[PDB]
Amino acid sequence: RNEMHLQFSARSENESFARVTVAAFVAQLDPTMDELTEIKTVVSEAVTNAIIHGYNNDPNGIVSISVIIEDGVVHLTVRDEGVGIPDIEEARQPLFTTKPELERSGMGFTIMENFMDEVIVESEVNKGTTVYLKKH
């Protein structure tokens, strides 16, 4: 066992800082650039996702990241206290987004899905979101 939690403001200026931090703490597991970049990209997806879907770019919002490490698993849970998801099945579908206006693609969860062993999401409208990611 060994764990970490990191909260920060919903500003994209902290997304690179957050991506790295999550990566560095995972470093303790002697992981590769393939594993290291996957985890990092899977985190920006979920972090930047917690910023413009749950907190609509209001800097006054705080994102949470949980990287609990047990045996060989990187338990990652980025989380939100924002809008939430009305239709999970609909977003969990390839290439679906709700901001054609910021030029979004819908890959967020497919990347999460593909770069992580499990992407569980529990979200209640205006209760916020919680992405229970996993990997080994």
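For clarity, a rigid core is taken as the largest C-alpha set superposing within 1.5 Å between two forms. Heads up: residue numbers just count along the shown sequence, starting at 1.
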Positional deviation of Cα atoms in 4 other deposited structures of this protein after core superposition, greater for 75-83 or 102-110: 102-110
Mean Cα B-factor comparison, 6-14 or 119-127, giving the higher one as deposited: 119-127
Between the two ranges 105-113 and 66-74, the one averaging a larger CA B factor in the entry: 66-74
Deposited CA B-factor, highest of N49, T41, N60, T97: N60
Third of the chain, ranked by Cα B-factor, where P31 sits: highest
Relative C-alpha B-factor of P86, binned into the chain's lowest, middle or highest third: middle
